[PDB]
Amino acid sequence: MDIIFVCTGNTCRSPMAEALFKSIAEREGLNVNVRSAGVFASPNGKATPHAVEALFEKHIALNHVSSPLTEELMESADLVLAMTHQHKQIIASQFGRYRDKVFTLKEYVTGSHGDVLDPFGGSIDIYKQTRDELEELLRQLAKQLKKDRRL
């Protein structure tokens, strides 16, 4: 299926999630298409240096250019996983009637209310904590996606 990760800038959390999940998915043998976008993103932007360094440590390349979320992306996605509950709210105010496909990453994976907080402006250690937080969620996501018919 088509999965999109969404954050604010599409510079830290969602690009990290996309790169981490693509790696996990290919190991697990998952047949999914993965993208990321931001609710307040510019195009041509890049992943922040700390996000790049955090993934580089785990031998994953984060070569990323920022993309704004658009109606076209929202229509075509099978699943939209937002970092925060506020991101869900923005998605609902700016785009079409797609509530049924939009969930926070924590909601969808763990069943509980929870946000993946913005690491932007934080130290490399803040980013590495975000990376680890994402990794654990995304490993579970992979296992869960196996339970989806027509995956």
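In case it trips you up, residue 1 is the first one in the sequence shown, and so on.
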| query | finding |
| --- | --- |
| Greater mean Cα temperature factor according to the PDB record, 81-89 or 37-45 | 37-45 |
| Residue range whose averaged C-alpha B-factor is higher in the record, 123-131 or 5-13 | 123-131 |
| Candidate set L117, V32, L62, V65 [ranked by C-alpha B-factor, highest] | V32 |
| Chain-relative CA temperature factor third for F103 | lowest |
